[PDB]
Amino acid sequence: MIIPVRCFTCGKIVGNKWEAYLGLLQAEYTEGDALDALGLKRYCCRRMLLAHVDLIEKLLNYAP
Amino acid sequence: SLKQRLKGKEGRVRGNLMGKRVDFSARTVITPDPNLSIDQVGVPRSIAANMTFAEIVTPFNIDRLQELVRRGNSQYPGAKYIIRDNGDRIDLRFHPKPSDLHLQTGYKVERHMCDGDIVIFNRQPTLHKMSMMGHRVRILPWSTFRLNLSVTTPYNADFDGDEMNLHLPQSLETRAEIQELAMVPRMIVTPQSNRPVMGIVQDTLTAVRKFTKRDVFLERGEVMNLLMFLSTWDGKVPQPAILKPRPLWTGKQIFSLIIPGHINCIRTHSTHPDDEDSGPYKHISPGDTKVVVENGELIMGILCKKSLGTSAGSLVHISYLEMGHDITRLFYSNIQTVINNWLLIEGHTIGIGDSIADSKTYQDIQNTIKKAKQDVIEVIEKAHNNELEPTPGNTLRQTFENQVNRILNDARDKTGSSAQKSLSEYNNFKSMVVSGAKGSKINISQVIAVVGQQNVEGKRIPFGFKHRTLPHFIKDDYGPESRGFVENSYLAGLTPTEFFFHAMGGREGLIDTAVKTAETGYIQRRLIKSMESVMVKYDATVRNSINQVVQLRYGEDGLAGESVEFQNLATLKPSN
Amino acid sequence: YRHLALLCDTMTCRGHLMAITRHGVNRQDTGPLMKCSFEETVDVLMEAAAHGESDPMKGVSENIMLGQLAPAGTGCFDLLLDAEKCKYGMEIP
Amino acid sequence: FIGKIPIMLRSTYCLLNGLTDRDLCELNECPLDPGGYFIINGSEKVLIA
Amino acid sequence: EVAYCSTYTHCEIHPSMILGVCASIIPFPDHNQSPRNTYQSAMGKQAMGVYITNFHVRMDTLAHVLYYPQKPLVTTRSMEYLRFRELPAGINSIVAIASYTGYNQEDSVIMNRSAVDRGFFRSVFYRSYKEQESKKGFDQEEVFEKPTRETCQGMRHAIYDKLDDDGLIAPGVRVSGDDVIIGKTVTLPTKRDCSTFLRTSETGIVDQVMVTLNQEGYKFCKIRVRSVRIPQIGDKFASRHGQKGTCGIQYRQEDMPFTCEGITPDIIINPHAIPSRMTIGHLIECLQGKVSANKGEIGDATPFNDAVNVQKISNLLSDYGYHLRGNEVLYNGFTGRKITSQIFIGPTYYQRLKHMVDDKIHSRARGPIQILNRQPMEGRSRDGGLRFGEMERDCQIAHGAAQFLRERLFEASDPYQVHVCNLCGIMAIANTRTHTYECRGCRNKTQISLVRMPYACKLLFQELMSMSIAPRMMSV
Amino acid sequence: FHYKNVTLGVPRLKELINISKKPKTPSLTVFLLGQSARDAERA
Amino acid sequence: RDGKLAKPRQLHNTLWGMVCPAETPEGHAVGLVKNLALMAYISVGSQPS
Amino acid sequence: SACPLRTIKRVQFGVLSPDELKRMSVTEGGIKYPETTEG
Amino acid sequence: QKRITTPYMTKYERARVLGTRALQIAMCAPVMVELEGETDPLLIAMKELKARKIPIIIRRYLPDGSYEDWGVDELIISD
Amino acid sequence: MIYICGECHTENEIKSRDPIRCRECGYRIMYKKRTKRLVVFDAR
Amino acid sequence: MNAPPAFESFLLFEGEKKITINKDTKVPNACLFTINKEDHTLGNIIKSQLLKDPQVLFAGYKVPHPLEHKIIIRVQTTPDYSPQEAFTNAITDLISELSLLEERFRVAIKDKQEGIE
Amino acid sequence: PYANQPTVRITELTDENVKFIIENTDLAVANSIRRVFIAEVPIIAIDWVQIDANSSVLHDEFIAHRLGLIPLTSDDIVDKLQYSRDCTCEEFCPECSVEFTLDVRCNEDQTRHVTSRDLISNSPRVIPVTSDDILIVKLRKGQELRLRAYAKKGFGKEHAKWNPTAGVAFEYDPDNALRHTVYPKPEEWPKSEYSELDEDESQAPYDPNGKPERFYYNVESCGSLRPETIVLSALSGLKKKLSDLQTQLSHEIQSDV
Ligand SMILES: [Mg+2]
Ligand SMILES: [Zn+2]
Ligand SMILES: [Zn+2]
Ligand SMILES: [Zn+2]
Ligand SMILES: [Zn+2]
């Protein structure tokens, strides 16, 4: 649905990073390059962005 | 009609009268607890509060009872209802104030269930007395039933959503008899097999084998923690196995402390060699096999699944014979607690690398498979020539199939030996196999070398298509892969044709197991109803309900089934 | 061996081969209440009333149906409290 | 009039088929939802082969 | 080559295509045991995941939704076709094969409390209750209105204050379990009221309240309650490779063992389980999952593709600088000392099972009994006594504990007292006020005696007397 | 199925529980008192 | 489902490419319920005229 | 209550006589009305 | 003696006697053996059985119906 | 009392014991308005 | 309650006593110290200091149940020496080491606020 | 019977992370301090959330859980703020709690994204740590979300959100002279970053007597509290726990005599 605020293992904030990660995906950086641009050296922090799927946009499309 | 009103299954005369739902019964998911004692069973606080035991007022304990009356339907320790001498029942919650009501001698107090109460703990289906074992109530905050690892082996319940039922006796006599006959430490042994039904859990058993390895050294601080955990510890530290470099205790020496009193037991090692006993140095035991326990101390060898297993002559069985059931229950708890503390420091692991083998071993496995396939081709061509002659009383086609199967079997055995040679003491998979707690040598052969022939109903896969098992195969194909033989290990991966044949083997196995359970249960139910009447009288003659004698003495020996143990006469076997 | 020996001995106790089946239980010296618990209650009870037959109550099932303790272990013997042993006793408040 | 025949969802006769994803969003019907189930008394029933 | 045939009429498009949608989700199925793949097909159907994107628009009873659904790190190409990625039923969890406090033994999974606090594996539950006004007769019309003690003959002790004037609870309020959520009054020639109660311990805030005309046209109201449930030790979590188990225990991140990096595995599984089920694929997937996270590209789990080999994945891990086997040195959290044996750790996709401990737990004490047979019956709490099995009674006979067996058989259910004379086996009329009972026909008070037998047995004896066969009870 | 044809396992136990005039695969092992048992040709 | 006959329950060679062997519900009846292969399509059928 | 509590030694089954049934029957003169209650 | 029935108390007899003695203590039976600061009736009952001071005589029923009377002191604890 | 019509996204009061309908929308489906009272929650 | 509250785990009740004195007759001058509502972190540090002390013959720290919050520490000393004195000495040594470490860390940050350069 | 004198050397000092090495100290002391930084150091995070009305797709409970996880600056007022239960003042007030109020309405056709920066705090010192902005929820056109929240002081043990630091890296004895961990193949294993082992030397030679020393600790923080400040606070907190235990023991011995 929406990115979790904190990484499941470290507790480092991932919610702010997700908007930056989407911008890196929009830019030349690939999914691996975007994680390198973030500079996370721990797989758990990289995994949260890589495995996350945004279903919030689908919910927004439906009329309220 | 009135005759129609009388009914059998789901009927008042039979279904309701013979079996009826019982109050004071609690059901919830079960989770294992190593720390909890074997008698103790974890109970959720909410279930414990709902369950109640009627208690006669006693002058010595009146102060506790009045406190329970003061807190009604609020605190966990409280009385939901009070029964007066008249027998009228009063609700504290409905009554405006609990304090105004006054307790009198002989009043009945519905105290909520508390730790130390005795309950009957049973699995949802009971096929034997061992399934139903009396347990001591213990309270834990979470809503789950917590039971010791040792009690799990008689229950035989895997912890995947499984649930169990506990019933609380409301009568002093019923509670006392349940303690005398159904207590879990008393039921550790089984009369039918004359052996304990309780065996060390696989995680503890593999750790025990690693703990009893010769190359185990423990620091003084680590040993002090193990002594603190041991209930059997007498508060006196044993002299260290190694003294001058630093105080050190061997794992076998720490296990000797766990063993209670002075029980003497000898158990053959799981990997113990018959050749070693015939050969010299049998007493020396170079392989550390031939486990021997003397004066309640492990002296030599490595403890194995057989030594701590649910079998006659086991070290736990010897503890039951001399130390007694209560001490044996403490011994089971002590082994688990010490093993867990040692296990976290030692560590346990499994990996693809343990499954993987050296390339030279893989090349050897490929060579034997190639030779077997060539031999099968030679048999097929000879059969077409008709050089092969049918064995008497057997079809030529059957003999040709049997000989091809023999070639596959010998090759699979050779690949299996290559898989065993690749395994090393460092390798985790070999260590689990050596303990025997989990895994098997045959499982290793499937994992590293050849899974083996896949068959349905013990016969090679038939040709569903005309003359062909599959469209990809040619007509009249006698190739081993066509007949479902699998020469590929699980780690290597399975070809789609092999995978389909493997699925057929899995499907047939699944059907037989499900059908078998229903049939065995049905026949057992008829047998249990038929033999329930038979019983032993005061004179010790076994008799039916009619009282016609079945046997003059029980078992033809007039002795308990558990008491008899295997012994060697050593008179008839030697020459005159 | 004791469990195996008992199963053959009870089967051969009659002196004829009998299968463990409902029909085999139906031909027995057991009382009508046991037959009533076996789903043949209507026929046996009419026959018992006509012949004035009386249930023995030997079976454990007959006792449990009436709510009496089954005649198993812990039920056959009856205790007999004795005053002479009671006389050397200490009263408690 | 002969009678009323229940209509399988996402069938050509059914209104949902032939509608764009935006039209489905207005009707609160998911484009992802497979369909193929008859609706009887406001419940989902699918025939089994 | 020496092919079986050189003129094949047709060729398979792909070997993996034959596998079904449930089979495809499992990674490396061929490496895994064939029965284990079958078990996971059942697990995938009962896995808890959002059924459809517009879950809110449709009110569904027992609906299961996932707080943070995540795509698997390793995905089969077939999985994309069934759109499993679009609506995932599981969240990836780091997994280590190790033995710690012994809670993990016998298919139990250790879990991180800190991850549960962050909302990992958290789920949303929706339950819908629907009530329609009934008008079988004009006097039997059942309008929905708030129940009041003065106007209602059958009003329950539970307060009706939560219910609105319409008799329908307001949306957005939090209602405790076993509390009335719908109030209806049936006209009485005052008027008795029919009230529907919440499931016990539902603890669910009302998501929305809907009032609409029914197909019949009678007033129809649907109430949906939403309850948020965190992961629990009782709750079962299932691994993708045919593994299912309850959570053994939950520990704090400091309590959980930590690597040199300090990463702590979300879920810890016993090492013994993997050899018994021979799940070779699960170990490969754990290696692939760590490789995929470092690589930054999603792994392929197709079984017959043969794109990735165990050695190739190990070589990729060595390139990342991680050990090729994937074993990592770990420190016991409490000791702070590096563990003697390195533990292999790899992320494994995990799907939460539908079964939950909270629904399963139930206990009954002094519950209301049915008038016809005096049998124990479930109350509004919905908790009922467990039936005593016929086999369980036989086990008690083998134990020799006759008193306990008698207590469950007679005292626990329908205990009754009857009066009979020695000769006459008829049910003598009993008057409590007189305290004297008389077998009618012989007018006897000396012969009368008190016998305790089950109420079901007493009524059965009366039915036999109606059939003209009289059971006769004699003291001698 | 694994052993000619013999009845073993739970079905054989079921045959003991319910007596059957004919077993599913009846067979009797035969031993010879005469010297024929010792030598294959006489057997 | 009650019937225990082995031949209907057992997987067959012709089933290849038409059904998924792994996708079978476990229980008293094994393999009685099957799911068709994704490539496999049930034919609507055509007039023979 | 006042009546003593004792176990039943034996149970005997015999046909129930109509004459004894009439004596123990609660109703006198039988039931002459099919309706459960007139009003 | 000349009794076929064993002089030693049977395990079933031991269970009933311990339950009966415990039942008496909870009711408020005078204690033949003083309790060692025990509020649990079962614990006192087991010590009373070891003392053999319990006032209980057990009647054993033979198939012919002959009765054998054994005092708690005469009976030997099975355990 | 007050009810919300989903089709036209407007709130129209519905009389008790009166057939449900919407003014100028002809909609018989109504949703009760959110309660005025505020329910506290725990961030944990 | 099915889930224990977090505040209760670290907070002792008024009736509960933080430290309990127990006497062991198994060995001379052996005293058992039990601390309720205590995390594993405090117990590990106390046991190591007691092990370092020559006077303390036996130092053992264990947790009876993980779900329960409690630590049990056993101290054995020479008959002339007192076990309670050893326990207090271990606490003082730990406090002295921590205070010196805190001063050194504070000096180190002051030395390089912007780093070495 | 006297504690050894510890020596502290700081490899790196930065807001994002602090790397420090402590030598001449016991392994148990090194492990205890590492655990203390993660759970014994208090931070200010939202504990109470009340939503007057919710129109967002996410339910009110979902929004409340996200708000608590979001970090709030606690560098100087963690000591100044008091636990609401401990303080005798009203539970909702400025001294013991920080009030956060967010009201967001989207009238544009484009969805408006709610951010942590949007939250308004009565106390300036406690603020959402924004320099990007964390996305709490996305609001569709015509949807308004209004909520009132209060932030209460708590340490890591109480909740994961209250923990003030990310995962802390602790390692010691990179060369395996102690042989605490034994590798079946030393060459396959990669050498540690702090390892002094040469490329030729796959593993360190075993030493009969070894002392754990030169422990390496790296602390990474959200930035609400400085990582070096967290270490200084942790050392005082562990010392306070020992002092409280000594005070309890002194009272207990006084009661005995
Ligand atoms: Mg199971
Ligand atoms: Zn992370
Ligand atoms: Zn009479
Ligand atoms: Zn409208
Ligand atoms: Zn305040």
# chains A, B, ... in the order shown; residues from 1 in each chain; ligands from 1

call {"tool": "residues_near_ligand", "arguments": {"ligand": "ligand 1", "cutoff": "10 Å", "atoms": "only C-alpha atoms and all ligand atoms", "output": "list in words"}}
result
residues 156, 157, 158, 159, 160, 161, 162 and 163 of chain B; 106, 107, 244 and 245 of chain E

call {"tool": "select_by_dssp", "arguments": {"residues": "chain H", "states": "alpha helix (DSSP H)", "output": "ChimeraX atom specification"}}
result
/H:18-24

call {"tool": "residues_around", "arguments": {"residues": "region 455-467 of chain E", "least_positions_apart": "4", "cutoff": "7 Å", "atoms": "only C-alpha atoms", "output": "number ranges by chain"}}
result
B: 2, 12-13, 17; C: 65; E: 373, 414-416, 471

call {"tool": "residues_around", "arguments": {"residues": "residue 140 (chain B)", "least_positions_apart": "3", "cutoff": "8 Å", "atoms": "only C-alpha atoms", "output": "ChimeraX atom specification"}}
result
/B:42-45,143

call {"tool": "residues_near_ligand", "arguments": {"ligand": "ligand 5", "cutoff": "9 Å", "atoms": "only C-alpha atoms and all ligand atoms", "output": "list in words"}}
result
residues 82, 83, 84, 85, 87, 88, 89, 90, 91, 92, 93, 94, 95, 96 and 97 of chain L

call {"tool": "select_by_dssp", "arguments": {"residues": "chain I", "states": "strand (DSSP E)", "output": "list in words"}}
result
residues 57, 58, 59, 60, 61, 67, 68, 69, 70 and 71 of chain I

call {"tool": "residues_around", "arguments": {"residues": "residue 302 (chain E)", "least_positions_apart": "2", "cutoff": "9 Å", "atoms": "only C-alpha atoms", "output": "ChimeraX atom specification"}}
result
/E:16,24,27-29,75-78,300,304-307

call {"tool": "residues_around", "arguments": {"residues": "region 23-40 of chain L", "least_positions_apart": "2", "cutoff": "8 Å", "atoms": "only C-alpha atoms", "output": "VMD selection string"}}
result
(chain E and resid 254 334 to 337) or (chain K and resid 41 to 42 44 to 45 48) or (chain L and resid 4 to 8 21 42 155 to 157 163 to 168 170 212 to 215 217 230 to 231 234 to 235 237 to 238)

call {"tool": "write_last_selection", "arguments": {"atoms": "N, CA and C atoms", "output": "compact mmCIF listing (two decimals), in the first residue's frame"}}
result
# COMPACT_ATOMS: atom_id res chain seq x y z
N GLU E 254 17.75 -6.35 20.62
CA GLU E 254 18.99 -6.59 21.41
C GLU E 254 19.03 -8.06 21.86
N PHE E 334 22.76 -11.79 24.34
CA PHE E 334 22.99 -11.64 25.80
C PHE E 334 24.49 -11.72 26.13
N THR E 335 25.19 -12.72 25.57
CA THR E 335 26.64 -12.91 25.87
C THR E 335 27.50 -11.81 25.25
N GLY E 336 27.21 -11.41 24.01
CA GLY E 336 28.07 -10.44 23.31
C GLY E 336 29.31 -11.12 22.74
N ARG E 337 29.34 -12.46 22.78
CA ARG E 337 30.52 -13.23 22.29
C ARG E 337 30.17 -13.90 20.96
N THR K 41 20.93 -7.29 30.49
CA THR K 41 22.15 -6.44 30.37
C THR K 41 22.81 -6.21 31.74
N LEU K 42 22.03 -5.87 32.77
CA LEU K 42 22.64 -5.56 34.09
C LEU K 42 23.27 -6.83 34.69
N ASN K 44 24.64 -9.51 33.30
CA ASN K 44 25.90 -9.96 32.66
C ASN K 44 27.08 -9.14 33.20
N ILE K 45 26.91 -7.81 33.30
CA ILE K 45 28.04 -6.94 33.75
C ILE K 45 28.40 -7.26 35.21
N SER K 48 30.46 -10.65 35.61
CA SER K 48 31.87 -10.60 35.14
C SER K 48 32.77 -9.98 36.21
N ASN L 4 39.91 -2.63 35.83
CA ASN L 4 41.01 -2.08 35.00
C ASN L 4 40.61 -0.70 34.47
N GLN L 5 41.59 0.14 34.11
CA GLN L 5 41.26 1.52 33.66
C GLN L 5 41.07 1.52 32.14
N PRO L 6 39.85 1.81 31.64
CA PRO L 6 39.57 1.78 30.20
C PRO L 6 40.18 2.94 29.40
N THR L 7 40.54 2.70 28.14
CA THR L 7 41.09 3.78 27.27
C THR L 7 40.15 3.96 26.08
N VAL L 8 39.77 5.21 25.76
CA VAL L 8 38.77 5.43 24.67
C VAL L 8 39.43 6.17 23.50
N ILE L 21 36.36 3.35 19.71
CA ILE L 21 36.99 2.06 20.15
C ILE L 21 37.30 2.17 21.64
N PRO L 42 16.34 7.39 26.34
CA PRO L 42 15.01 7.91 26.02
C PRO L 42 14.92 8.86 24.81
N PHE L 155 11.84 5.27 26.54
CA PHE L 155 13.14 4.67 26.12
C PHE L 155 12.92 3.51 25.14
N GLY L 156 14.00 2.95 24.59
CA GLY L 156 13.89 1.90 23.57
C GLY L 156 13.15 0.66 24.04
N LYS L 157 13.32 0.28 25.31
CA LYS L 157 12.68 -0.97 25.81
C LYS L 157 11.16 -0.84 25.68
N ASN L 163 13.07 3.85 20.61
CA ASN L 163 14.53 3.61 20.47
C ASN L 163 15.12 4.78 19.67
N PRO L 164 16.23 5.40 20.11
CA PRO L 164 16.78 6.59 19.44
C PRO L 164 17.87 6.33 18.39
N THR L 165 18.26 5.07 18.18
CA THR L 165 19.39 4.79 17.26
C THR L 165 19.05 3.64 16.30
N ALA L 166 19.69 3.60 15.13
CA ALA L 166 19.49 2.48 14.17
C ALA L 166 20.38 1.32 14.61
N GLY L 167 20.43 0.23 13.83
CA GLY L 167 21.20 -0.94 14.28
C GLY L 167 22.64 -0.56 14.58
N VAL L 168 23.17 -1.03 15.72
CA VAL L 168 24.55 -0.64 16.14
C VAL L 168 25.51 -1.79 15.80
N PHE L 170 28.68 -3.94 16.40
CA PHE L 170 29.71 -4.25 17.42
C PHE L 170 30.54 -5.46 16.98
N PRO L 212 39.84 -10.33 25.25
CA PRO L 212 39.09 -9.49 24.32
C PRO L 212 39.41 -8.02 24.60
N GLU L 213 39.71 -7.25 23.55
CA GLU L 213 40.12 -5.83 23.73
C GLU L 213 39.92 -5.07 22.42
N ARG L 214 40.03 -3.74 22.45
CA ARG L 214 39.92 -2.92 21.21
C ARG L 214 38.57 -3.19 20.53
N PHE L 215 37.50 -3.28 21.31
CA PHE L 215 36.14 -3.52 20.75
C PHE L 215 35.75 -2.33 19.87
N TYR L 217 32.76 -0.11 18.12
CA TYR L 217 31.30 0.16 18.17
C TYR L 217 30.96 1.28 17.18
N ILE L 230 24.33 10.34 22.84
CA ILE L 230 23.63 9.09 23.27
C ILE L 230 24.61 8.25 24.09
N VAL L 231 25.87 8.16 23.64
CA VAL L 231 26.89 7.34 24.36
C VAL L 231 27.12 7.93 25.76
N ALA L 234 24.14 7.19 27.91
CA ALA L 234 24.07 5.74 28.22
C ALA L 234 25.02 5.39 29.37
N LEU L 235 26.23 5.96 29.37
CA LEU L 235 27.22 5.65 30.43
C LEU L 235 26.65 6.10 31.78
N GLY L 237 23.42 6.45 32.49
CA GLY L 237 22.23 5.62 32.78
C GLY L 237 22.60 4.27 33.37
N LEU L 238 23.62 3.61 32.81
CA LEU L 238 24.08 2.30 33.35
C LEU L 238 24.64 2.52 34.77

call {"tool": "residues_near_ligand", "arguments": {"ligand": "ligand 3", "cutoff": "6 Å", "atoms": "only C-alpha atoms and all ligand atoms", "output": "PyMOL selection string"}}
result
chain E and resi 421+423-424+439+442+444

call {"tool": "residues_near_ligand", "arguments": {"ligand": "ligand 4", "cutoff": "9 Å", "atoms": "only C-alpha atoms and all ligand atoms", "output": "PyMOL selection string"}}
result
chain J and resi 4-12+21-30

call {"tool": "write_last_selection", "arguments": {"atoms": "C-alpha atoms", "output": "PDB file, in the first residue's frame"}}
result
ATOM      1  CA  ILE J   4     -25.124  10.202   3.231  1.00  0.00           C
ATOM      2  CA  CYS J   5     -26.030   9.297  -0.396  1.00  0.00           C
ATOM      3  CA  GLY J   6     -22.983   7.708  -2.112  1.00  0.00           C
ATOM      4  CA  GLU J   7     -24.091   8.263  -5.746  1.00  0.00           C
ATOM      5  CA  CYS J   8     -24.469  12.094  -5.506  1.00  0.00           C
ATOM      6  CA  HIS J   9     -22.014  12.513  -2.549  1.00  0.00           C
ATOM      7  CA  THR J  10     -24.539  14.679  -0.582  1.00  0.00           C
ATOM      8  CA  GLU J  11     -26.056  14.215   2.923  1.00  0.00           C
ATOM      9  CA  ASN J  12     -29.894  14.029   3.191  1.00  0.00           C
ATOM     10  CA  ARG J  21     -34.964   7.414  -0.923  1.00  0.00           C
ATOM     11  CA  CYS J  22     -32.704  10.297  -2.113  1.00  0.00           C
ATOM     12  CA  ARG J  23     -34.012  13.726  -3.242  1.00  0.00           C
ATOM     13  CA  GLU J  24     -33.275  14.256  -7.009  1.00  0.00           C
ATOM     14  CA  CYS J  25     -30.976  11.158  -7.048  1.00  0.00           C
ATOM     15  CA  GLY J  26     -33.550   8.360  -6.476  1.00  0.00           C
ATOM     16  CA  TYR J  27     -30.944   6.354  -4.482  1.00  0.00           C
ATOM     17  CA  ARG J  28     -32.177   3.870  -1.813  1.00  0.00           C
ATOM     18  CA  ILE J  29     -28.638   3.161  -0.447  1.00  0.00           C
ATOM     19  CA  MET J  30     -27.678   5.387   2.551  1.00  0.00           C
TER      20      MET J  30
END

call {"tool": "residues_near_ligand", "arguments": {"ligand": "ligand 2", "cutoff": "6 Å", "atoms": "only C-alpha atoms and all ligand atoms", "output": "VMD selection string"}}
result
chain A and resid 7 9 to 10 44 to 45

call {"tool": "write_last_selection", "arguments": {"atoms": "N, CA, C and O atoms", "output": "JSON list (two decimals), in the first residue's frame"}}
result
[["chain", "number", "residue", "atom", "x", "y", "z"],
["A", 7, "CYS", "N", 12.66, 1.22, 8.65],
["A", 7, "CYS", "CA", 13.14, -0.10, 8.16],
["A", 7, "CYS", "C", 12.78, -1.16, 9.20],
["A", 7, "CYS", "O", 12.92, -0.86, 10.40],
["A", 9, "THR", "N", 14.28, -3.86, 10.21],
["A", 9, "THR", "CA", 15.37, -4.34, 11.10],
["A", 9, "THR", "C", 16.05, -3.17, 11.84],
["A", 9, "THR", "O", 15.97, -3.15, 13.08],
["A", 10, "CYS", "N", 16.69, -2.25, 11.11],
["A", 10, "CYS", "CA", 17.44, -1.13, 11.76],
["A", 10, "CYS", "C", 16.50, -0.13, 12.44],
["A", 10, "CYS", "O", 16.85, 0.34, 13.54],
["A", 44, "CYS", "N", 19.03, -5.09, 4.58],
["A", 44, "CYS", "CA", 17.64, -4.94, 5.09],
["A", 44, "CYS", "C", 17.05, -3.60, 4.64],
["A", 44, "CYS", "O", 15.88, -3.59, 4.21],
["A", 45, "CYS", "N", 17.82, -2.51, 4.75],
["A", 45, "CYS", "CA", 17.34, -1.17, 4.33],
["A", 45, "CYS", "C", 17.10, -1.16, 2.81],
["A", 45, "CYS", "O", 16.06, -0.62, 2.39]]

call {"tool": "residues_around", "arguments": {"residues": "residue 26 (chain F)", "least_positions_apart": "2", "cutoff": "9 Å", "atoms": "only C-alpha atoms", "output": "list in words"}}
result
residues 5, 6, 7, 22, 23, 24 and 28 of chain F

call {"tool": "atom_distance", "arguments": {"atom1": "CA of residue 17 (chain K)", "atom2": "CA of residue 233 (chain B)"}}
result
27.2 Å

call {"tool": "atom_distance", "arguments": {"atom1": "CA of residue 356 (chain B)", "atom2": "CA of residue 420 (chain B)"}}
result
12.0 Å

call {"tool": "closest_atom_pairs", "arguments": {"of": "chain D", "to": "chain E", "cutoff": "8 Å", "atoms": "only C-alpha atoms", "output": "CSV"}}
result
residue,atom,partner,partner_atom,distance
D:28,CA,E:57,CA,6.7
D:29,CA,E:54,CA,7.5
D:30,CA,E:54,CA,6.4
D:32,CA,E:52,CA,7.6
D:33,CA,E:52,CA,6.7

call {"tool": "write_last_selection", "arguments": {"atoms": "N, CA and C atoms", "output": "PDB file, in the first residue's frame"}}
result
ATOM      1  N   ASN D  28     -17.095   1.100  -9.148  1.00  0.00           N
ATOM      2  CA  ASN D  28     -16.420   0.454  -7.989  1.00  0.00           C
ATOM      3  C   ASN D  28     -16.195  -1.032  -8.286  1.00  0.00           C
ATOM      4  N   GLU D  29     -15.889  -1.367  -9.542  1.00  0.00           N
ATOM      5  CA  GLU D  29     -15.564  -2.772  -9.904  1.00  0.00           C
ATOM      6  C   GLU D  29     -14.085  -2.812 -10.290  1.00  0.00           C
ATOM      7  N   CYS D  30     -13.304  -3.704  -9.676  1.00  0.00           N
ATOM      8  CA  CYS D  30     -11.839  -3.712  -9.928  1.00  0.00           C
ATOM      9  C   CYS D  30     -11.534  -4.248 -11.328  1.00  0.00           C
ATOM     10  N   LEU D  32      -8.671  -5.452 -12.130  1.00  0.00           N
ATOM     11  CA  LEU D  32      -7.866  -6.657 -11.796  1.00  0.00           C
ATOM     12  C   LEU D  32      -8.794  -7.842 -11.520  1.00  0.00           C
ATOM     13  N   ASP D  33      -9.955  -7.598 -10.902  1.00  0.00           N
ATOM     14  CA  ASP D  33     -10.839  -8.731 -10.518  1.00  0.00           C
ATOM     15  C   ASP D  33     -11.126  -9.569 -11.767  1.00  0.00           C
TER      16      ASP D  33
END

call {"tool": "atom_distance", "arguments": {"atom1": "CA of residue 428 (chain E)", "atom2": "CA of residue 37 (chain H)"}}
result
26.3 Å

call {"tool": "interface_residues", "arguments": {"of": "chain A", "to": "chain D", "cutoff": "12 Å", "atoms": "only C-alpha atoms", "output": "number ranges by chain"}}
result
A: 58-64

call {"tool": "interface_residues", "arguments": {"of": "chain E", "to": "chain G", "cutoff": "8 Å", "atoms": "only C-alpha atoms", "output": "list in words"}}
result
residues 17, 18, 19, 20, 21, 22, 23, 34, 35, 37, 38, 39, 41 and 42 of chain E

call {"tool": "interface_residues", "arguments": {"of": "chain F", "to": "chain B", "cutoff": "9 Å", "atoms": "only C-alpha atoms", "output": "ChimeraX atom specification"}}
result
/F:1-2,10-11,13-14,17-18

call {"tool": "decode", "arguments": {"residues": "region 38-42 of chain D", "atoms": "C-alpha atoms", "output": "short mmCIF file (atom, residue, chain, number, x, y, z; two decimals), in the first residue's frame"}}
result
data_model
loop_
_atom_site.label_atom_id
_atom_site.label_comp_id
_atom_site.auth_asym_id
_atom_site.auth_seq_id
_atom_site.Cartn_x
_atom_site.Cartn_y
_atom_site.Cartn_z
CA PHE D 38 -22.69 -15.46 -11.16
CA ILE D 39 -24.24 -13.16 -8.49
CA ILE D 40 -27.27 -14.67 -6.64
CA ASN D 41 -28.85 -12.87 -3.62
CA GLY D 42 -25.76 -10.59 -3.47
#
